[PDB]
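Student: Below is coords.pdb; it holds PDB, C-alpha atoms (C1' of nucleotides).
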```pdb
ATOM      1  CA  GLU F   1     -56.284  36.963 -16.988
ATOM      2  CA  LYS F   2     -53.303  34.709 -17.975
ATOM      3  CA  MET F   3     -52.113  34.672 -14.303
ATOM      4  CA  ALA F   4     -55.624  34.021 -12.966
ATOM      5  CA  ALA F   5     -56.084  31.231 -15.499
ATOM      6  CA  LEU F   6     -52.826  29.619 -14.309
ATOM      7  CA  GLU F   7     -53.695  29.923 -10.617
ATOM      8  CA  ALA F   8     -56.924  28.135 -11.460
ATOM      9  CA  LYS F   9     -55.066  25.326 -13.262
ATOM     10  CA  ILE F  10     -52.966  24.958 -10.070
ATOM     11  CA  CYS F  11     -56.118  24.746  -7.937
ATOM     12  CA  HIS F  12     -58.000  22.327 -10.118
ATOM     13  CA  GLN F  13     -55.023  20.017 -10.286
ATOM     14  CA  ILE F  14     -54.525  19.841  -6.502
ATOM     15  CA  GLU F  15     -58.300  19.434  -6.134
ATOM     16  CA  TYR F  16     -58.303  16.592  -8.640
ATOM     17  CA  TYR F  17     -55.595  14.665  -6.759
ATOM     18  CA  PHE F  18     -57.672  14.852  -3.527
ATOM     19  CA  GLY F  19     -60.941  14.658  -5.468
ATOM     20  CA  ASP F  20     -63.729  12.186  -4.982
ATOM     21  CA  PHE F  21     -62.706  10.360  -8.167
ATOM     22  CA  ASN F  22     -58.974  10.164  -7.847
ATOM     23  CA  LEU F  23     -58.272   9.752  -4.118
ATOM     24  CA  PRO F  24     -60.059   6.434  -3.650
ATOM     25  CA  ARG F  25     -57.641   5.018  -6.286
ATOM     26  CA  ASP F  26     -54.483   6.808  -5.132
ATOM     27  CA  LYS F  27     -52.574   4.475  -2.810
ATOM     28  CA  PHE F  28     -49.600   6.864  -2.726
ATOM     29  CA  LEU F  29     -51.812   9.697  -1.555
ATOM     30  CA  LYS F  30     -54.162   7.626   0.626
ATOM     31  CA  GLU F  31     -50.957   6.612   2.400
ATOM     32  CA  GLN F  32     -49.455  10.065   2.889
ATOM     33  CA  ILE F  33     -52.717  11.253   4.352
ATOM     34  CA  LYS F  34     -52.592   8.666   7.117
ATOM     35  CA  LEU F  35     -49.252   9.892   8.429
ATOM     36  CA  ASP F  36     -50.438  13.197   9.872
ATOM     37  CA  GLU F  37     -54.194  13.470  10.314
ATOM     38  CA  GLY F  38     -54.517  14.082   6.583
ATOM     39  CA  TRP F  39     -51.823  16.725   6.206
ATOM     40  CA  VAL F  40     -49.322  16.361   3.306
ATOM     41  CA  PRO F  41     -46.144  18.483   2.844
ATOM     42  CA  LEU F  42     -46.020  20.849  -0.118
ATOM     43  CA  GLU F  43     -42.438  19.532  -0.311
ATOM     44  CA  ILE F  44     -43.979  16.184  -1.303
ATOM     45  CA  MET F  45     -46.773  17.807  -3.301
ATOM     46  CA  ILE F  46     -44.426  19.633  -5.681
ATOM     47  CA  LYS F  47     -43.272  16.124  -6.589
ATOM     48  CA  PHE F  48     -46.528  15.439  -8.450
ATOM     49  CA  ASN F  49     -45.742  15.731 -12.137
ATOM     50  CA  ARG F  50     -48.680  17.758 -13.397
ATOM     51  CA  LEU F  51     -48.452  20.176 -10.443
ATOM     52  CA  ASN F  52     -44.694  20.523 -10.813
ATOM     53  CA  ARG F  53     -45.074  21.511 -14.475
ATOM     54  CA  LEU F  54     -46.953  24.588 -13.262
ATOM     55  CA  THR F  55     -44.909  25.480 -10.169
ATOM     56  CA  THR F  56     -42.614  24.188  -7.476
ATOM     57  CA  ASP F  57     -42.973  27.437  -5.524
ATOM     58  CA  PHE F  58     -44.761  26.908  -2.173
ATOM     59  CA  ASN F  59     -46.097  30.449  -1.781
ATOM     60  CA  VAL F  60     -47.552  30.499  -5.291
ATOM     61  CA  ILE F  61     -49.401  27.254  -4.494
ATOM     62  CA  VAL F  62     -50.612  28.912  -1.292
ATOM     63  CA  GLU F  63     -51.999  32.101  -2.835
ATOM     64  CA  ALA F  64     -53.702  30.003  -5.543
ATOM     65  CA  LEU F  65     -55.571  27.936  -2.922
ATOM     66  CA  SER F  66     -56.113  30.735  -0.395
ATOM     67  CA  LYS F  67     -58.333  32.076  -3.190
ATOM     68  CA  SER F  68     -60.220  28.910  -4.281
ATOM     69  CA  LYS F  69     -63.779  28.584  -5.510
ATOM     70  CA  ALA F  70     -64.332  24.923  -4.528
ATOM     71  CA  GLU F  71     -62.883  25.584  -1.093
ATOM     72  CA  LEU F  72     -62.186  21.863  -0.657
ATOM     73  CA  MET F  73     -58.544  22.144   0.440
ATOM     74  CA  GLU F  74     -57.042  23.334   3.711
ATOM     75  CA  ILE F  75     -53.705  25.123   4.137
ATOM     76  CA  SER F  76     -51.780  24.687   7.421
ATOM     77  CA  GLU F  77     -50.851  27.274  10.072
ATOM     78  CA  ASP F  78     -47.203  27.479   8.991
ATOM     79  CA  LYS F  79     -48.368  27.305   5.345
ATOM     80  CA  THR F  80     -46.256  24.265   4.461
ATOM     81  CA  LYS F  81     -48.767  21.405   4.390
ATOM     82  CA  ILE F  82     -52.160  21.124   2.731
ATOM     83  CA  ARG F  83     -55.035  18.667   3.182
ATOM     84  CA  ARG F  84     -58.609  17.820   2.281
ATOM     85  CA  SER F  85     -61.018  19.451   4.709
ATOM     86  CA  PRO F  86     -62.153  16.718   7.165
ATOM     87  CA  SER F  87     -65.603  18.266   6.937
ATOM     88  CA  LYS F  88     -65.713  17.112   3.316
ATOM     89  CA  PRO F  89     -65.521  13.288   3.582
ATOM     90  CA  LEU F  90     -65.471  10.967   0.581
ATOM     91  CA  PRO F  91     -68.756   9.372  -0.607
ATOM     92  CA  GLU F  92     -70.294   6.107   0.499
ATOM     93  CA  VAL F  93     -69.659   4.057  -2.645
ATOM     94  CA  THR F  94     -72.932   2.183  -3.125
ATOM     95  CA  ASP F  95     -74.219   0.207  -6.113
ATOM     96  CA  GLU F  96     -76.812   2.917  -6.782
ATOM     97  CA  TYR F  97     -73.827   5.245  -7.085
ATOM     98  CA  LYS F  98     -71.337   3.022  -8.947
ATOM     99  CA  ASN F  99     -74.205   2.664 -11.399
ATOM    100  CA  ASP F 100     -74.815   6.424 -11.598
ATOM    101  CA  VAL F 101     -71.174   7.040 -12.408
ATOM    102  CA  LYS F 102     -71.567   4.716 -15.378
ATOM    103  CA  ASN F 103     -74.540   6.669 -16.688
ATOM    104  CA  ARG F 104     -72.369   9.773 -16.604
ATOM    105  CA  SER F 105     -69.570   8.113 -18.582
ATOM    106  CA  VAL F 106     -69.056   8.849 -22.263
ATOM    107  CA  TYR F 107     -66.755   7.221 -24.856
ATOM    108  CA  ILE F 108     -65.077   9.229 -27.599
ATOM    109  CA  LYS F 109     -62.905   7.786 -30.408
ATOM    110  CA  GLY F 110     -60.857   9.894 -32.815
ATOM    111  CA  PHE F 111     -58.079  11.551 -30.870
ATOM    112  CA  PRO F 112     -54.643  11.782 -32.560
ATOM    113  CA  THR F 113     -52.461   9.267 -30.684
ATOM    114  CA  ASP F 114     -50.051  12.184 -30.088
ATOM    115  CA  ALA F 115     -52.642  14.266 -28.196
ATOM    116  CA  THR F 116     -52.138  15.165 -24.515
ATOM    117  CA  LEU F 117     -54.371  15.557 -21.480
ATOM    118  CA  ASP F 118     -54.302  19.310 -22.117
ATOM    119  CA  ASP F 119     -55.218  18.872 -25.774
ATOM    120  CA  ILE F 120     -58.232  16.805 -24.711
ATOM    121  CA  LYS F 121     -58.851  19.042 -21.690
ATOM    122  CA  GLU F 122     -58.832  22.132 -23.950
ATOM    123  CA  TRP F 123     -61.327  20.678 -26.409
ATOM    124  CA  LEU F 124     -63.729  19.714 -23.603
ATOM    125  CA  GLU F 125     -63.481  23.159 -21.987
ATOM    126  CA  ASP F 126     -67.003  24.284 -22.959
ATOM    127  CA  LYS F 127     -68.940  21.007 -23.309
ATOM    128  CA  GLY F 128     -69.986  20.276 -19.719
ATOM    129  CA  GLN F 129     -68.585  19.943 -16.184
ATOM    130  CA  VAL F 130     -66.218  16.952 -16.176
ATOM    131  CA  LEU F 131     -64.918  15.048 -13.192
ATOM    132  CA  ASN F 132     -62.505  12.746 -14.975
ATOM    133  CA  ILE F 133     -60.735  12.114 -18.305
ATOM    134  CA  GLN F 134     -59.466   8.593 -19.044
ATOM    135  CA  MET F 135     -56.944   8.251 -21.864
ATOM    136  CA  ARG F 136     -57.131   4.637 -23.031
ATOM    137  CA  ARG F 137     -53.775   2.889 -23.562
ATOM    138  CA  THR F 138     -52.187  -0.144 -25.188
ATOM    139  CA  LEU F 139     -49.808  -2.590 -23.542
ATOM    140  CA  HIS F 140     -46.766  -0.578 -24.631
ATOM    141  CA  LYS F 141     -48.533   2.138 -22.623
ATOM    142  CA  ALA F 142     -49.585   4.035 -25.775
ATOM    143  CA  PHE F 143     -52.621   6.338 -26.253
ATOM    144  CA  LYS F 144     -55.179   4.304 -28.253
ATOM    145  CA  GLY F 145     -56.848   7.510 -29.435
ATOM    146  CA  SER F 146     -60.060   6.706 -27.500
ATOM    147  CA  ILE F 147     -61.054   7.968 -24.025
ATOM    148  CA  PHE F 148     -63.693   7.895 -21.289
ATOM    149  CA  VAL F 149     -65.109  11.115 -19.940
ATOM    150  CA  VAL F 150     -67.154  11.319 -16.745
ATOM    151  CA  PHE F 151     -69.513  14.281 -16.446
ATOM    152  CA  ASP F 152     -70.917  15.826 -13.238
ATOM    153  CA  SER F 153     -74.547  15.031 -14.242
ATOM    154  CA  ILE F 154     -76.519  12.873 -16.683
ATOM    155  CA  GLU F 155     -78.121  15.978 -18.188
ATOM    156  CA  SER F 156     -74.777  17.249 -19.607
ATOM    157  CA  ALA F 157     -73.790  13.675 -20.500
ATOM    158  CA  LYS F 158     -76.958  13.164 -22.576
ATOM    159  CA  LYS F 159     -76.735  16.641 -24.114
ATOM    160  CA  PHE F 160     -73.161  15.804 -25.190
ATOM    161  CA  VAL F 161     -73.715  12.255 -26.380
ATOM    162  CA  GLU F 162     -76.653  13.462 -28.458
ATOM    163  CA  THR F 163     -74.947  16.164 -30.509
ATOM    164  CA  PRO F 164     -74.564  15.517 -34.322
ATOM    165  CA  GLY F 165     -71.465  17.462 -35.377
ATOM    166  CA  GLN F 166     -68.902  16.192 -32.858
ATOM    167  CA  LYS F 167     -65.775  16.507 -34.971
ATOM    168  CA  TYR F 168     -62.372  16.975 -33.356
ATOM    169  CA  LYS F 169     -61.354  20.271 -35.038
ATOM    170  CA  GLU F 170     -61.226  18.968 -38.643
ATOM    171  CA  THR F 171     -61.438  15.226 -37.802
ATOM    172  CA  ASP F 172     -64.637  13.331 -36.911
ATOM    173  CA  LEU F 173     -65.374  11.435 -33.699
ATOM    174  CA  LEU F 174     -67.208   8.340 -32.493
ATOM    175  CA  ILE F 175     -69.301   9.250 -29.441
ATOM    176  CA  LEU F 176     -71.152   6.640 -27.360
ATOM    177  CA  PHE F 177     -72.164   6.219 -23.686
ATOM    178  CA  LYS F 178     -69.624   3.924 -21.997
ATOM    179  CA  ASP F 179     -72.570   1.529 -21.740
ATOM    180  CA  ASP F 180     -73.147   1.058 -25.490
ATOM    181  CA  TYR F 181     -69.443   1.004 -26.219
ATOM    182  CA  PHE F 182     -69.808  -2.513 -24.810
ATOM    183  CA  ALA F 183     -71.894  -3.660 -27.789
ATOM    184  CA  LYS F 184     -68.514  -5.241 -28.377
TER
ATOM    185  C1'   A E   1     -44.112   4.912  -5.180
ATOM    186  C1'   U E   2     -46.095   9.869 -10.937
ATOM    187  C1'   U E   3     -52.066   4.998 -15.592
ATOM    188  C1'   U E   4     -53.778  13.522 -13.953
ATOM    189  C1'   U E   5     -48.042   9.949  -7.823
TER
END
```
Kindly return the structure encoded in the file as structure tokens.
Tutor:
Amino acid sequence: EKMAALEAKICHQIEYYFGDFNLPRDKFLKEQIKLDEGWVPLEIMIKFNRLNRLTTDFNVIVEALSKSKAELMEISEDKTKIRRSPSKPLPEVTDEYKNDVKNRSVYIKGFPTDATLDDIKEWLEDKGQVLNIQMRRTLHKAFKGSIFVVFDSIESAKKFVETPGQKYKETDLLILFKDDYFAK
RNA sequence: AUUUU
């Protein structure tokens, strides 16, 4: 277990960077990918903060992916560069789709300003497949305590949004669809 | 060029 859990964290992080949600908004990455038919050096990858926190060891990152479930990433011949499989292009961002991403967006208020992505990640663990967590922030770049969660499907969004209890382990939360939130 | 580069 504990090792397998960690190798999965490694995978999911790399897969989030190159994911459908994050890549379109990742100028640094979008750039790197243009320099070599999409390949990016693990030497530059270990630079990413959240990945680095887990490991800076190239082989470890390679075993972790070699054994992925999403199978969205590609490892190079010399096992030093990785990339998003060309056979898995990014979506055609249409209005029908920009709209559907909104319907899958939920707002939650009541998170201790001193909570981290892993605190929020942990709590969401068994509440539905999520594609993105947005920690809202002030001007001083501080965590407002409120966030935006994007789920993989409306079904799990609606199930979530429509659950009574919804208390953050002791505290109580405000849970609305990103849409309503703008009744402000 | 770290708002999960």
Student: Using all atoms listed in the file - which residues lie no farther than 12 Å from the point (-53.3, -0.1, -12.6) in the file's frame? Write them as a PyMOL selection string.
Tutor: (chain F and resi 25-27+137+139+141) or (chain E and resi 3)
Student: Evaluate the PyMOL selection byres ((chain F) within 8 of (chain E)) against this structure - the residues, as number ranges by chain, please.
Tutor: F: 13, 16-17, 26, 28-29, 47-50, 117
Student: Atom CA of residue 179 of chain F and atom CA of residue 98 of chain F are how many Å apart?
Tutor: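 For atom CA of residue 179 of chain F relative to atom CA of residue 98 of chain F, the distance reads 12.9 Å.
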Student: Please indicate the distance in Å from atom CA of residue 60 of chain F to atom CA of residue 72 of chain F, rounded to one decimal place.
Tutor: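 Atom CA of residue 72 of chain F lies 17.6 Å from atom CA of residue 60 of chain F.
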Student: If I take atom CA of residue 119 of chain F and atom CA of residue 67 of chain F, how far is one from the other in Å, to one decimal?
Tutor: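 Computing it gives 26.3 Å between the two atoms.
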